[PDB]
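S.K.: Mind looking over this structure? Questions follow.
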Amino acid sequence: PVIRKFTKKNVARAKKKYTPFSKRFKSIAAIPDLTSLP
Amino acid sequence: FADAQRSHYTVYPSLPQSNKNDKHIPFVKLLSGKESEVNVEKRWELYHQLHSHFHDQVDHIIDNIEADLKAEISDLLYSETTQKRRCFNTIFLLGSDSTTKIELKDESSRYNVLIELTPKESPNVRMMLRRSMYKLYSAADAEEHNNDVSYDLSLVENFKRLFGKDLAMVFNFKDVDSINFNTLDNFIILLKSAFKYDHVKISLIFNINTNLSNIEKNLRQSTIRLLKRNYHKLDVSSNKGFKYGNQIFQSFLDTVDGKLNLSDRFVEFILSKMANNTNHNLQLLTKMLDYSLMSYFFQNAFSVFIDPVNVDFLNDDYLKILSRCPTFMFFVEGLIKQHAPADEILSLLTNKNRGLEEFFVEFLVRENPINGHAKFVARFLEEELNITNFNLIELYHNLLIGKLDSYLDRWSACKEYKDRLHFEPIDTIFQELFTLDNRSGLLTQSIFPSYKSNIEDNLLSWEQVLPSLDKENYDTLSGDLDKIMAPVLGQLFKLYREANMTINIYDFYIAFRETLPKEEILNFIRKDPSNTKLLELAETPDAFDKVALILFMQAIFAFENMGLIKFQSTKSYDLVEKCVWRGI
Amino acid sequence: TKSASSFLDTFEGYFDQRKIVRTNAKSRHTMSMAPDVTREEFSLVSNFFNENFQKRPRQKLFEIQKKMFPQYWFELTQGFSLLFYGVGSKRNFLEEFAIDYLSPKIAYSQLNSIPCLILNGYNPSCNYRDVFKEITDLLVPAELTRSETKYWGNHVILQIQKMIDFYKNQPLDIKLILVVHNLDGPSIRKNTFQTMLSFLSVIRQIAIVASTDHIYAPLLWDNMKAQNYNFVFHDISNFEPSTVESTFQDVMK
C-alpha cells in the first residue's frame with residue numbers, strides 16, 4: 001500500500017473522550033442534580 | 001489608506017463590458033498616426049507567423065539536446081566492466097547545470113534506481129542516507145506491480161532476499177560544487193562498504209559546474225584514489241563544440257531568409273554579450289533575437305511590406321518615409337554624378353509618386369544570399385573539410401563585414417579552398433529600413449542596462465527626466481519652484497557626490513540648508529487655502545530651519561533604504577558613510 | 001569646499017575620497033544642535049511638499065511614460081517579465097498600470113477580468129507560504145501526491161515545479177498578474193522567496209510585473225535566477241515622494 005517515512009510501532013494511547021461537559025445536554029436550565037448522581 | 005499595510009492583497013479589477021473596437025493588439029498607429037488598421041492587423045499576424053516559425057525550431061533544438069545527452073550519458077553508464085569488481089563507476093559531467101533527466105535501461109532481473117541529491121537535501125551524512133534508502137525502497141516497492149525497514153545500508157544488504165532482484169543504484173549529485181565535499185566524501189566512504197554484498201552495482205554521477213582541479217583539491221586523497229578506478233569525464237556544455245549555437249542562429253536565418261537583414265553592429269553585439277556569459281547561452285541567444293524582432297515590428301511600419309501581397313498599400317507617407325533613406329540618396333547621387341538624364345531624376349526627386357511607388361516593388365525579388373550561402377560554408381566546413389570547431393555567428397559576422405578570408409585562414413587548414421569558400425556581396429538599395437540593428441542603444445537599455453549608472457545619472461543631473469515648463473505656473477501650487485530649486489533627494493545627491501567617505505550629518509544638513517532659497521520659501525509657505533497649521537509655523541521666527549530639517553531628514557531616510565548611505569555607529573546614527581560612488 | 005578631493009566619482013574618486021582625516025580636522029557635531037521638530041510638524045510639511053513641489057512636472061512625466069503601456073503589454077504577452085527600477089516610488093505606477101490598463105486589455109484579447117495579485121514586498125511581514133496560499137486559490141492546482149513529495153522536502157517548491165510541468169501542455173493565456181512592489185525589500189530579498197518568484201516566472205500563464213528600490217539589486221540573481229525571470233528592464237524614475245513605504249521604516253529622531 002504505502003511506504004512510510006518513519007514508524008511509531010511502540011505507541012500507546014489512553015481511552016479518553018474528547019467532548020467536554022458543556023456538550024452533555026446542551027441545556028443549562030436542565031442540568032440534573034450533580035450531587036446525588038450515580 | 002489601510003490596504004497598503006497588509007501584504008498580498010489580491011484585487012479583482014472590474015471592467016467596462018465592451019468598447020467595440022479592434023484594440024485587442026498592442027501595435028499602435030505608426031507613421032505619426034497615419035497607418036491603416038488592416039495593415040496593423042496584418043503586421044500582428046505576420047509577426048506571429050515569424051515568431052512561431054522561429055520558436056518551433058528553437059524548441060526542437062532545445063528538446064534535441066536532451067535526446068543527445070540521454071543518449072550520451074547512458075552509453076558510458078553501461079556496457080563496460082572492471083576486473084577489480086569492487087569499484088563504483090564514476091562519471092564527471094563537467095560544466096553541466098543540474099537540469100538533466102537521466103534514463104536507466106531495462107536490464108531485467110535487476111532494478112535500476114536514480115537517487116538525485118542536492119545541497120539542500122544534504123545537511124549531513126544521515127539525511128543523505130535516509131533520503132537515499134527511502135528513494136531506493138520507494139522506487140523498488142512501487143516498480144513491482146510489506147514490512148517497514150530501517151533506512152540504512154541493511155536494506156542494501158538484504159535487497160536480494162527482500163525482493164529477489166539484484167540492485168544497481170545510480171547516484172546523482174546535482175550541484176557538486178555546492179555540496180560540502182566533507183559530507184560528500186563521508187557519504188562516499190559510507191557507500192564504499194556496500195561493495196561486499198555481491199548483488200549491488202553503485203554508479204556515481206557528478207554534475208560539476210567548475211573544473212576538475214577544484215573537486216580533487218577539496219576531497220580527501222583516499223577517496224580520490226577510490227574514484228580513480230573506473231572514472232570517465234564528459235564535457236556537457238553548449239559552448240563546447242559549437243553545434244547548438246550553429247542551430248539556433250542557423251534557424252533564425254530560416255525565418256528572415258530574404259525579408260529581413262542583420263546589421264554588423266547587431267551581430268558583434270550578439271557576440272559580445274554571448275561571450276560574457278557561459279552557463280546559459282542558448283537562452284541568451286533567443287531572448288536577444290526575439291527582442292530584436294519585437295522592437296522591429298513595433299517600430300518599422302515597412303514590416304507590412306515584407307510579405308509580397310501588401311505591395312499595393314503604398315500610401316503617401318510611406319513614400320515620404322522611404323525617400324529619406326541615405327542609401328537611396330547615394331543611388332540618386334549616383335544617377336546625378338555618372339550621367340545626366342534630367343527628366344527622370346526630376347520625376348523621382350519629389351514630383352512623381354508612381355515611379356517611386358513602382359520602383360520599390362522591383363527591389364523585393366532580389367535575394368543576395370548571405371544566409372543562403374553561409375549554409376554552404378557551414379556544410380563545407382562540417383562535411384567536406386571536417387572541422388567542427390567553427391562558430392556560425394562569428395563566421396557570419398566576418399562574412400557580413402567582408403574579412404571572411406582572415407577567419408578562414410584562422411585555422412590554416414583550407415588553403416586550397418579560399419576561392420571555393422569565398423563570397424563578396426554588395427548592398428541592395430533600401431536595406432536600412434529592412435535591417436535588424438542596434439544604433440539607438442535599445443537592446444542595451446532594456447536587456448543589459450547599466451543599472452547603477454542610470455540610477456546615479458537620474459539622481460545627479462535630473463533634467464533629462466523632469467521637464468521644464470513655460471505656461472503652467474499660475475494655476476499650480478509651485479510654478480516658480482521648478483526653475484530655481486532642485487528636487488530634494490536630487491539636490492542632496494549633489495552634496496553626497498562631492499563629500500568625503502565619512503559624512504557628518506550636521507554638516508551634510510548645513511550644506512543642504514544654504515543651497516535653498518530663503519526669501520522665496522518664506523513667501524511660498526503661505527499659499528494653502530484649506531489648512532491653517534502650515535501658516536502659523538511661518539509666523540514662528542525660525543521657520544526656514546524647521547522646514548529645512550524636514551526635507552533633509554526625509555531625503556536622508558529616503559537614500560538609506562535605496563543603498564547609498566550606511567549609518568555607522570549604531571545607537572548614535574549621526575555620522576553616515578558614503579558607500580556608493582558614481583561611474584562604477 | 002568641505003572635500004579636498006582631486007578626483008571626483010570614478011574608481012579613482014573612490015580611491016581618493018577614502019583618505020585618513022586627523023582628529024582636529026574632523027567635525028564631531030551631534031545632530032542635537034539641529035533644530036528639533038515634533039512628529040506632527042513633520043507629518044504636515046511632508047504631505048504638503050509631496051503633492052505641492054513638482055506636482056505638475058511629475059504628472060507631465062507620468063503622462064509622458066503613460067503612452068509606453070502598449071510596449072509593456074507586448075513584452076508581457078511575449079513571455080518576458082518586467083522590472084521597473086528607478087528613483088522614487090514605483091508603487092502608483094504599477095497600481096495604475098496593472099489594475100487599470102493591463103488586465104482589461106488581457107481579458108478582452110483572449111475572447112470576469114484577469115486576477116491581479118498585488119504583493120507589498122516593502123512590508124517585512126511577507127512570508128512566502130501564505131503568499132503561495134494566495135496563489136493556490138487563484139489558480140487552484142493539484143495536490144502533492146505521495147510519490148511526488150519527497151523525504152521532508154519543501155512542499156511549495158515542489159508544488160511550483162509540478163505546476164511548471166503541468167503548464168507546458170496548456171494554452172498560452174495570462175491567468176494572473178503578479179505585481180511585486182519593492183522586489184528587493186527586507187523580507188523578499190532572501191533566497192527561498194526568490195527561488196519561488198523565479199520558478200513562478202517560468203510559467204507563461206502568469207505575468208510578473210516587479211519593481212526594485214535598492215541599488216545593488218541585480219546581484220540577487222545569478223545565471224539561474226536571471227534566466228528564469230528573463231526580465232526586461234525599464235527605468236521609469238519619476239522622483240516620487242515615496243510616502244507609502246516610509247511609514248513602515250523607522251523615522252526615529
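Identifiers for the C-alpha cells are assigned positionally: chains receive A, B, ... in sequence, residues are indexed from 1 per chain, and ligands are indexed from 1 in the order shown.
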For the interface of chain C with chain A (cut-off 10 Å, counting only C-alpha atoms), please tabulate each contacting residue of chain C alongside its nearest pair of atoms and their separation in Å to one decimal, rows sorted by chain and increasing number, as a tab-separated table.
M.R.:
residue	atom	partner	partner_atom	distance
C:146	CA	A:2	CA	8.5
C:147	CA	A:3	CA	9.6
C:150	CA	A:5	CA	9.3
C:151	CA	A:5	CA	6.8
C:152	CA	A:5	CA	8.7
S.K.: Can you pull out the residues contacting residue 230 (chain C)? Cut-off 9 Å, using only C-alpha atoms, and skip same-chain residues under 4 positions away; I want them as a ChimeraX atom specification.
M.R.: /B:287,447 /C:79-82,201-202,225-226
S.K.: Neighbouring residues of residue 28 (chain C) were defined as those with any atom within 8 Å, considering only C-alpha atoms; residues of the same chain fewer than 2 positions away were excluded. Please report them as number ranges by chain.
M.R.: B: 504; C: 26, 30
S.K.: What's around residue 86 (chain C) at 10 Å? Count only C-alpha atoms, leave out sequence neighbours fewer than 5 positions away in its own chain, and write the answer as a list in words.
M.R.: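 The residues satisfying every condition are residues 451, 452, 454, 455, 456, 458 and 459 of chain B; 211, 212, 213, 214, 215, 234, 235, 236, 237, 238, 239 and 240 of chain C.
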S.K.: C:197, C:142, C:156, C:232: which is nearest chain B, counting only C-alpha atoms?
M.R.: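 Checking each of C:197, C:142, C:156, C:232 against chain B, counting only C-alpha atoms, the winner is C:232.
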S.K.: As an NGL selection string, please: the residues near residue 470 (chain B) (cut-off 12 Å, only C-alpha atoms, same-chain neighbours under 4 positions excluded).
M.R.: (:B and (474 or 479-480 or 482-483)) or (:C and (56-57))
S.K.: Keeping only N, CA, C and O atoms, take the residues you just selected and write them out as a PDB file, in the first residue's frame.
M.R.:
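Here's the written file part.pdb:
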ATOM      1  N   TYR B 474       0.842  79.468 -12.884  1.00  0.00           N
ATOM      2  CA  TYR B 474      -0.050  80.299 -12.084  1.00  0.00           C
ATOM      3  C   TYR B 474      -1.281  79.555 -11.591  1.00  0.00           C
ATOM      4  O   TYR B 474      -1.810  79.886 -10.525  1.00  0.00           O
ATOM      5  N   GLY B 479       5.001  77.039  -9.145  1.00  0.00           N
ATOM      6  CA  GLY B 479       5.384  77.336 -10.510  1.00  0.00           C
ATOM      7  C   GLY B 479       6.790  77.878 -10.599  1.00  0.00           C
ATOM      8  O   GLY B 479       7.548  77.536 -11.510  1.00  0.00           O
ATOM      9  N   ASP B 480       7.146  78.738  -9.647  1.00  0.00           N
ATOM     10  CA  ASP B 480       8.483  79.308  -9.583  1.00  0.00           C
ATOM     11  C   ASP B 480       9.464  78.423  -8.832  1.00  0.00           C
ATOM     12  O   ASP B 480      10.627  78.808  -8.686  1.00  0.00           O
ATOM     13  N   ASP B 482      10.006  74.993  -9.625  1.00  0.00           N
ATOM     14  CA  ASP B 482      10.604  74.021 -10.528  1.00  0.00           C
ATOM     15  C   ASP B 482      11.774  74.589 -11.319  1.00  0.00           C
ATOM     16  O   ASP B 482      12.489  73.824 -11.974  1.00  0.00           O
ATOM     17  N   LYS B 483      11.990  75.897 -11.275  1.00  0.00           N
ATOM     18  CA  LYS B 483      13.039  76.533 -12.060  1.00  0.00           C
ATOM     19  C   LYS B 483      14.198  77.035 -11.219  1.00  0.00           C
ATOM     20  O   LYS B 483      15.323  77.111 -11.716  1.00  0.00           O
TER      21      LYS B 483
ATOM     22  N   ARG C  56       2.973  69.226 -11.054  1.00  0.00           N
ATOM     23  CA  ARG C  56       2.661  69.264 -12.477  1.00  0.00           C
ATOM     24  C   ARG C  56       3.781  68.726 -13.375  1.00  0.00           C
ATOM     25  O   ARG C  56       3.450  68.059 -14.361  1.00  0.00           O
ATOM     26  N   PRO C  57       5.088  68.958 -13.119  1.00  0.00           N
ATOM     27  CA  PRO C  57       6.090  68.220 -13.908  1.00  0.00           C
ATOM     28  C   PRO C  57       6.074  66.719 -13.683  1.00  0.00           C
ATOM     29  O   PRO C  57       6.339  65.968 -14.627  1.00  0.00           O
TER      30      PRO C  57
END
S.K.: Looking only at strand (DSSP E) from DSSP on the backbone, list the matching residues of region 272-516 of chain B as JSON, numbers by chain.
M.R.: {"B": [435, 436, 502, 503, 504]}
S.K.: Quick one, how far is CA of residue 565 (chain B) from CA of residue 578 (chain B)?
M.R.: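 Rounded to one decimal, the two atoms are 5.5 Å apart.
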S.K.: Which residue, C:91, C:105, C:55, C:155, has the smallest gap to residue 70 (chain C) when you use only C-alpha atoms?
M.R.: C:105
S.K.: Taking only C-alpha atoms into account, which of C:8, C:160, C:34, C:99 comes nearest residue 507 (chain B)?
M.R.: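 Residue with the minimum atom-to-atom distance to residue 507 (chain B): C:34.
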S.K.: For residue 237 (chain B), work out the shell of residues within 10 Å, counting only C-alpha atoms and skipping chain neighbours fewer than 3 positions away, then give it as a ChimeraX atom specification.
M.R.: /B:93-97,209,234,240-242,244,278-281
S.K.: Would you save the residues of that selection, restricted to N, CA, C and O atoms, as a short mmCIF file (atom, residue, chain, number, x, y, z; two decimals), in the first residue's frame?
M.R.:
data_model
loop_
_atom_site.label_atom_id
_atom_site.label_comp_id
_atom_site.auth_asym_id
_atom_site.auth_seq_id
_atom_site.Cartn_x
_atom_site.Cartn_y
_atom_site.Cartn_z
N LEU B 93 30.38 14.89 -15.00
CA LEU B 93 29.73 15.71 -16.01
C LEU B 93 30.19 17.14 -15.84
O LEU B 93 29.66 17.88 -15.01
N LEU B 94 31.18 17.54 -16.63
CA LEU B 94 31.84 18.83 -16.49
C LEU B 94 31.01 19.92 -17.13
O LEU B 94 30.46 19.74 -18.22
N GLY B 95 30.92 21.06 -16.45
CA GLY B 95 30.22 22.21 -16.99
C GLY B 95 28.72 22.09 -17.05
O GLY B 95 28.07 22.98 -17.59
N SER B 96 28.14 21.03 -16.50
CA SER B 96 26.71 20.82 -16.59
C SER B 96 25.99 21.53 -15.45
O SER B 96 26.40 21.45 -14.29
N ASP B 97 24.92 22.22 -15.79
CA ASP B 97 23.96 22.69 -14.81
C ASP B 97 22.99 21.55 -14.52
O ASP B 97 22.67 20.74 -15.40
N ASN B 209 29.90 22.15 -12.12
CA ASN B 209 29.84 23.37 -12.92
C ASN B 209 31.15 24.14 -12.95
O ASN B 209 31.17 25.26 -13.45
N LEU B 234 33.04 13.72 -18.99
CA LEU B 234 32.18 14.05 -20.12
C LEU B 234 31.89 15.54 -20.06
O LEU B 234 31.29 16.02 -19.09
N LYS B 240 31.06 24.18 -25.72
CA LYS B 240 31.98 23.21 -26.29
C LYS B 240 31.36 22.64 -27.56
O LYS B 240 30.23 22.13 -27.51
N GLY B 241 32.09 22.71 -28.67
CA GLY B 241 31.63 22.05 -29.87
C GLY B 241 30.41 22.73 -30.46
O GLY B 241 29.31 22.22 -30.29
N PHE B 242 30.59 23.88 -31.12
CA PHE B 242 29.51 24.83 -31.39
C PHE B 242 28.51 24.23 -32.36
O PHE B 242 28.48 24.52 -33.56
N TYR B 244 25.04 23.79 -31.04
CA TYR B 244 23.75 24.34 -30.65
C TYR B 244 23.73 25.86 -30.70
O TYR B 244 22.70 26.46 -30.38
N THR B 278 28.58 32.23 -19.75
CA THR B 278 28.93 30.90 -20.22
C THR B 278 27.92 29.83 -19.85
O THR B 278 27.77 28.85 -20.58
N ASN B 279 27.21 29.98 -18.73
CA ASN B 279 26.37 28.92 -18.21
C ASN B 279 25.14 28.68 -19.07
O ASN B 279 24.82 27.53 -19.39
N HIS B 280 24.44 29.74 -19.47
CA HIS B 280 23.30 29.65 -20.37
C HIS B 280 23.51 30.63 -21.52
O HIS B 280 23.50 31.85 -21.34
N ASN B 281 23.74 30.08 -22.71
CA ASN B 281 23.89 30.84 -23.94
C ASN B 281 22.87 30.47 -24.99
O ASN B 281 22.66 31.24 -25.93
#
S.K.: Please identify which residues in region 25-121 of chain C DSSP calls helix (DSSP H, G or I) from the backbone, and express them as an MDAnalysis selection string.
M.R.: chainID C and resid 31:33 39:51 55:67 69:77 91:109
S.K.: Print the selection's residues with C-alpha atoms to a file, as a PDB file, in the first residue's frame.
M.R.:
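The resulting again_11.pdb:
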ATOM      1  CA  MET C  31      22.624  66.364  15.268  1.00  0.00           C
ATOM      2  CA  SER C  32      21.102  67.503  18.576  1.00  0.00           C
ATOM      3  CA  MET C  33      22.006  71.067  17.556  1.00  0.00           C
ATOM      4  CA  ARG C  39       6.155  64.424  14.793  1.00  0.00           C
ATOM      5  CA  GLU C  40       3.111  66.324  13.542  1.00  0.00           C
ATOM      6  CA  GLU C  41       5.073  69.232  12.041  1.00  0.00           C
ATOM      7  CA  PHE C  42       6.992  66.613  10.053  1.00  0.00           C
ATOM      8  CA  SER C  43       3.707  64.868   9.221  1.00  0.00           C
ATOM      9  CA  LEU C  44       2.212  68.158   7.949  1.00  0.00           C
ATOM     10  CA  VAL C  45       5.088  69.660   5.932  1.00  0.00           C
ATOM     11  CA  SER C  46       5.788  66.190   4.488  1.00  0.00           C
ATOM     12  CA  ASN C  47       2.345  65.686   2.938  1.00  0.00           C
ATOM     13  CA  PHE C  48       2.337  69.323   1.870  1.00  0.00           C
ATOM     14  CA  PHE C  49       5.613  69.001  -0.056  1.00  0.00           C
ATOM     15  CA  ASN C  50       4.674  65.605  -1.558  1.00  0.00           C
ATOM     16  CA  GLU C  51       1.975  66.972  -3.870  1.00  0.00           C
ATOM     17  CA  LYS C  55       3.393  68.134  -8.924  1.00  0.00           C
ATOM     18  CA  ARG C  56       2.661  69.264 -12.477  1.00  0.00           C
ATOM     19  CA  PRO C  57       6.090  68.220 -13.908  1.00  0.00           C
ATOM     20  CA  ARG C  58       5.650  64.812 -12.268  1.00  0.00           C
ATOM     21  CA  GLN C  59       2.144  64.495 -13.725  1.00  0.00           C
ATOM     22  CA  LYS C  60       3.602  65.585 -17.073  1.00  0.00           C
ATOM     23  CA  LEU C  61       6.226  62.849 -16.718  1.00  0.00           C
ATOM     24  CA  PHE C  62       3.611  60.219 -15.871  1.00  0.00           C
ATOM     25  CA  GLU C  63       1.617  61.224 -18.933  1.00  0.00           C
ATOM     26  CA  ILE C  64       4.840  61.044 -20.975  1.00  0.00           C
ATOM     27  CA  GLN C  65       5.552  57.496 -19.813  1.00  0.00           C
ATOM     28  CA  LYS C  66       1.867  56.526 -19.858  1.00  0.00           C
ATOM     29  CA  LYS C  67       1.953  56.135 -23.645  1.00  0.00           C
ATOM     30  CA  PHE C  69       1.993  50.988 -21.770  1.00  0.00           C
ATOM     31  CA  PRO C  70       1.318  49.003 -25.017  1.00  0.00           C
ATOM     32  CA  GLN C  71       5.000  48.097 -25.166  1.00  0.00           C
ATOM     33  CA  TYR C  72       4.764  46.797 -21.610  1.00  0.00           C
ATOM     34  CA  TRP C  73       1.721  44.693 -22.501  1.00  0.00           C
ATOM     35  CA  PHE C  74       3.511  43.434 -25.636  1.00  0.00           C
ATOM     36  CA  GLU C  75       6.620  42.451 -23.668  1.00  0.00           C
ATOM     37  CA  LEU C  76       4.494  40.722 -21.026  1.00  0.00           C
ATOM     38  CA  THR C  77       2.449  38.765 -23.553  1.00  0.00           C
ATOM     39  CA  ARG C  91       4.025  51.949  -6.446  1.00  0.00           C
ATOM     40  CA  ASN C  92       1.335  54.080  -8.088  1.00  0.00           C
ATOM     41  CA  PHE C  93       2.851  53.300 -11.489  1.00  0.00           C
ATOM     42  CA  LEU C  94       2.082  49.614 -11.014  1.00  0.00           C
ATOM     43  CA  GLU C  95      -1.247  50.362  -9.351  1.00  0.00           C
ATOM     44  CA  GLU C  96      -2.252  52.480 -12.357  1.00  0.00           C
ATOM     45  CA  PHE C  97      -0.673  50.129 -14.894  1.00  0.00           C
ATOM     46  CA  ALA C  98      -1.599  46.613 -13.811  1.00  0.00           C
ATOM     47  CA  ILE C  99      -5.039  47.265 -12.342  1.00  0.00           C
ATOM     48  CA  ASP C 100      -6.275  49.918 -14.782  1.00  0.00           C
ATOM     49  CA  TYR C 101      -4.574  49.288 -18.130  1.00  0.00           C
ATOM     50  CA  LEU C 102      -3.257  45.752 -18.249  1.00  0.00           C
ATOM     51  CA  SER C 103      -5.906  43.249 -17.136  1.00  0.00           C
ATOM     52  CA  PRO C 104      -8.800  44.798 -19.139  1.00  0.00           C
ATOM     53  CA  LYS C 105      -6.586  44.556 -22.236  1.00  0.00           C
ATOM     54  CA  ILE C 106      -5.641  40.963 -21.444  1.00  0.00           C
ATOM     55  CA  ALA C 107      -9.233  39.956 -20.672  1.00  0.00           C
ATOM     56  CA  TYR C 108     -10.655  41.369 -23.924  1.00  0.00           C
ATOM     57  CA  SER C 109      -7.942  39.930 -26.148  1.00  0.00           C
TER      58      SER C 109
END
S.K.: Do a neighbour search on region 8-14 of chain A at 12 Å with only C-alpha atoms, toss out local chain neighbours closer than 6 positions, and write the hits as a PDB file with N, CA, C and O atoms, in the first residue's frame.
M.R.:
ATOM      1  N   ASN B 147       6.600  -5.122   5.002  1.00  0.00           N
ATOM      2  CA  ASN B 147       7.009  -4.599   6.292  1.00  0.00           C
ATOM      3  C   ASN B 147       7.809  -3.316   6.134  1.00  0.00           C
ATOM      4  O   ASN B 147       8.244  -2.944   5.043  1.00  0.00           O
ATOM      5  N   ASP B 148       7.997  -2.642   7.261  1.00  0.00           N
ATOM      6  CA  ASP B 148       8.739  -1.399   7.321  1.00  0.00           C
ATOM      7  C   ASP B 148      10.167  -1.673   7.752  1.00  0.00           C
ATOM      8  O   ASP B 148      10.417  -2.327   8.767  1.00  0.00           O
ATOM      9  N   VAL B 149      11.108  -1.171   6.960  1.00  0.00           N
ATOM     10  CA  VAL B 149      12.523  -1.384   7.195  1.00  0.00           C
ATOM     11  C   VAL B 149      13.123  -0.086   7.707  1.00  0.00           C
ATOM     12  O   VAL B 149      12.508   0.978   7.651  1.00  0.00           O
TER      13      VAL B 149
END
S.K.: Please identify all residues of chain B having at least one atom at most 10 Å from any atom of chain A, considering only C-alpha atoms, and return them as a PDB file with C-alpha atoms, in the first residue's frame.
M.R.:
ATOM      1  CA  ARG B 130      17.841   8.206   4.838  1.00  0.00           C
ATOM      2  CA  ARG B 131      16.786  10.003   1.644  1.00  0.00           C
ATOM      3  CA  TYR B 134      13.938   5.976   1.187  1.00  0.00           C
ATOM      4  CA  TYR B 137      12.716   1.425  -1.098  1.00  0.00           C
ATOM      5  CA  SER B 138      10.113   3.633  -2.779  1.00  0.00           C
ATOM      6  CA  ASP B 141       8.397  -1.305  -3.964  1.00  0.00           C
ATOM      7  CA  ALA B 142       6.486   0.865  -6.448  1.00  0.00           C
ATOM      8  CA  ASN B 146       5.235  -5.262   3.009  1.00  0.00           C
ATOM      9  CA  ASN B 147       7.009  -4.599   6.292  1.00  0.00           C
ATOM     10  CA  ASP B 148       8.739  -1.399   7.321  1.00  0.00           C
ATOM     11  CA  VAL B 149      12.523  -1.384   7.195  1.00  0.00           C
ATOM     12  CA  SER B 150      15.079   0.992   8.605  1.00  0.00           C
ATOM     13  CA  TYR B 151      16.597   3.369   6.082  1.00  0.00           C
TER      14      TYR B 151
END
S.K.: When you draw a straight line from CA of residue 335 (chain B) to CA of residue 302 (chain B), how long is it in Å?
M.R.: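 About the pair CA of residue 335 (chain B) and CA of residue 302 (chain B): they are 24.9 Å apart.
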S.K.: My list of candidates is C:194, C:24, C:78, C:136. Which is closest to chain B when distances are computed with only C-alpha atoms?
M.R.: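 Using only C-alpha atoms, the shortest distance to chain B belongs to C:78.
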S.K.: Here is a test: counting only C-alpha atoms, which residue of C:249, C:179, C:198, C:210 is nearest to residue 227 (chain C)?
M.R.: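 Ranked by minimum distance to residue 227 (chain C), first place goes to C:198.
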S.K.: Which of these residues is nearest to residue 128 (chain C), using only C-alpha atoms: C:208, C:251, C:157, C:25?
M.R.: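 Among the listed residues, the smallest separation from residue 128 (chain C) belongs to C:157.
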